[PDB]
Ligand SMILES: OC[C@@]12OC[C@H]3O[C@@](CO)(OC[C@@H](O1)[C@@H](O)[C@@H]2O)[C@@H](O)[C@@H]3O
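Form solved without the ligand, single chain, as structure tokens, below.
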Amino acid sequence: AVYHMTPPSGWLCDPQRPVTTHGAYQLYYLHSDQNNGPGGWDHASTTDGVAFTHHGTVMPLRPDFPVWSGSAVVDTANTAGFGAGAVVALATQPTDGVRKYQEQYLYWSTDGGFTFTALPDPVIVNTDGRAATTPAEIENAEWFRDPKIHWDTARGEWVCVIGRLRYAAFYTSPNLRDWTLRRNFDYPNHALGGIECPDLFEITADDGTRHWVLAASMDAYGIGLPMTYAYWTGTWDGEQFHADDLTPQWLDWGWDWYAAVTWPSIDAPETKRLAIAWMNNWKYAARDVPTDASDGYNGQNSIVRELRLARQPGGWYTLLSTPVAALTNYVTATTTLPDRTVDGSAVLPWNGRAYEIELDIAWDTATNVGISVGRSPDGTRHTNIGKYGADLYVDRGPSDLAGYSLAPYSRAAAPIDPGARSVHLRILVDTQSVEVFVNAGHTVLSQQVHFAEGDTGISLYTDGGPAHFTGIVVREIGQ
């Protein structure tokens, strides 16, 4: 991966909310020496959100006691008592290696998040886990993970969201040590997924309005929806969360954008947030990847994106995504290509593996229009990105690699007005991925793709009529 974070070695997993210390973002992420084996928290830092420096394990694996996802924050006011500015983190661990006993342990750092000390006793106990007898009780107790911390400015206290089976629990606290159970949050459609790696934050929209956002990673494949990150705008009164609408919105429509986490940006903390996710899916996450045998590692995170909340007609709010701005500093070359009209297909006189391409497509009668990325000269391999009916799709099927097929999860799709007769696309291509930002960023599709060394071409295609391809710009990304 040219411009995507990858662990120096081993198996990569869930990222954790980054903290802002020593003039940089300290990102933490789950790591294991074996693909999908026991693991802990590894530490990495970045000053621009694109390039990372790895620092190794921070919250280690221990005999029958892995460390799972949670969140970290900096206790600026020393409310916890571990020192002003201390970095505090809560992470789920299976006490005694028992699943139904999974609970929240607190770890802290007084060196800016580079070394942590563990707090022996869980700060939030899975009590019902001990009382679980029936298969149902046991299932419930076995889903009490991923605490996400947040400082409630209005109430002046800490609020914590924890993932549960098809619902989310909340706790308040004045010092990160003593928590008080609050009202759970339920949603009507359980075929949606059951709250894993929940997120909780406040953000100001473009109209100056303040809003709360509750989100989590889901798995709505069954009802034709994404297995990514869904969110509910609303409020937190300090005891319960009220969603403006019970049907959540989605942040990504591709296959690989799981366990996403968000954090405040330094230059505009309340207005602009950053986000990163694990470019993987559990349908195949555990399997072997090309990079396993060539560099002894499995997994990469997505490009870091910038988030902003925009008002919509009717007085409701939605998020917009865009590649982190700093990515532009890694552009080593800019190639523009003549506008052109194509009816059927055409190959572009350009080749590369790590770049960013932007373009506009306009058509009339054409029923299908698109661009093929990662095209091999033999013409057999390529990932297609185009517009069909009411779909802005990304099909990696023709890019399935022998011995590492992603089938049957090939065609991803985001909604787009069926009446649209033109679209703008910004596509990020790297050696093991393709990320698509459609138009102004309301829809994004992130997907892992096992490209072969020779998959370097780009081609244009249409069906049912000619299309006008304009504003073609290709910026190659280096390091």
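Throughout, we count residues from 1 along the sequence that is shown.
The protein also exists as the form deposited with the ligand bound; that form is not presented, and the subsequent description refers to it.
Asker: Using the pose of the ligand in the bound PDB entry, placed onto this unliganded form by C-alpha superposition round the site, state open if no ligand atom is within 2.4 Å of a backbone or C-beta atom and blocked if 3 or more are.
Answerer: With the ligand superposed from its pose in the bound PDB entry, the site reads as open.
Asker: Of 384-392, 151-159, 296-304, 354-362, which is the one stretch near the ligand in the bound PDB entry, taking non-hydrogen atoms within 4.5 angstroms as near?
Answerer: Partner-contacting stretch among the options: 384-392.
Asker: Identify which of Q102, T172, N368, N281 has a heavy atom within 4.5 Å of the ligand in the bound PDB entry; exactly one of them does.
Answerer: Checking each option against the ligand in the bound PDB entry, the one that comes within 4.5 Å is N368.
Asker: Between the options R421, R62, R411, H55, which residue brings a heavy atom to within 4.5 Å of the ligand in the bound PDB entry?
Answerer: That would be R411.
Asker: If you check in the bound PDB entry, is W11 within 4.5 Å of the ligand, heavy atoms only?
Answerer: Although the ligand is absent here, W11 would stay clear of it in the bound PDB entry, with no heavy atoms inside 4.5 Å.
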